[PDB]
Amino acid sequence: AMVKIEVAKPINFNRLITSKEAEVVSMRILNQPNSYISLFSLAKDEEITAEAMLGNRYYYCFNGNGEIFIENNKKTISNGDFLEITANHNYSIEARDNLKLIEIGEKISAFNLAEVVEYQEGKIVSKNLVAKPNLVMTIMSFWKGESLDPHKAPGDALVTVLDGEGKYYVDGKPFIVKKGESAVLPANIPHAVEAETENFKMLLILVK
């Protein structure tokens, strides 16, 4: 209802959501009163159009290539890219091939996300992208051997591994999330993470 996929488990969104010719497929995966996370798969040459939205929209592309026209301005989007679209803007999104997107929305130029944080030896580097009362998005790099101790968040977090692989724990239970996979760390339950076997990067989307 609020989390529509299994928690504390690695999931490959590329496999979870697919479209055949001429289809647009969508799925809500987290839903709260004033923010949500959805997935889209657009078949080649299909489009989604959005009228002047009451809140901001953010997109992370995990497959394919496309074009976004925001009030008549072509931005290109590709696998690995992140894009913010501010409130009160008409836009359309066109798929040039099979375009898959995570859409993060508040209800009321594209760049490569992994490249925004560097690895640093023995360190965790964190860069906050959005920080709002219903939505927090942060990108992090972990050098092998670095970890976060168990902690809780007041919302459900979706983590997606952008590079390498990470070892996550939810309420003491371990699971590996590999590059291209995601997992939900549920609200009010302790979780932790460790760069156990190699360096990794992740995007964290917390909906509160």
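Quick note: we count residues from 1 along the sequence shown, nothing fancier.
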Might you work out how many residues are unmodelled in the deposited sequence between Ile108 and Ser109, and answer none, 1 to 3, 4 to 9, or 10 or more?
10 or more
Quick note on 134 to 142 and 74 to 82: per-entry mean CA temperature factor is higher in 74 to 82
Can you tell me whether 41 to 49 has a higher mean C-alpha B factor than 159 to 167 in this record, or the other way round?
41 to 49
Looking only at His89, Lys100, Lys123, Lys127, the Cα with the top B-factor belongs to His89
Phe62: CA B-factor among chain residues, third -> lowest
For the chain shown, is the CA B-factor of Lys178 in the lowest, middle or highest third of its modelled residues?
lowest
By the record's CA B-factor, is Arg15 among the lowest, middle or highest third of residues in the chain?
lowest
Relative to the other modelled residues of the same chain, rank the CA B-factor of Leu30 and answer lowest, middle or highest third.
middle
Divide the modelled residues of the chain into thirds by Cα B-factor and specify which third, lowest, middle or highest, holds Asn199.
lowest
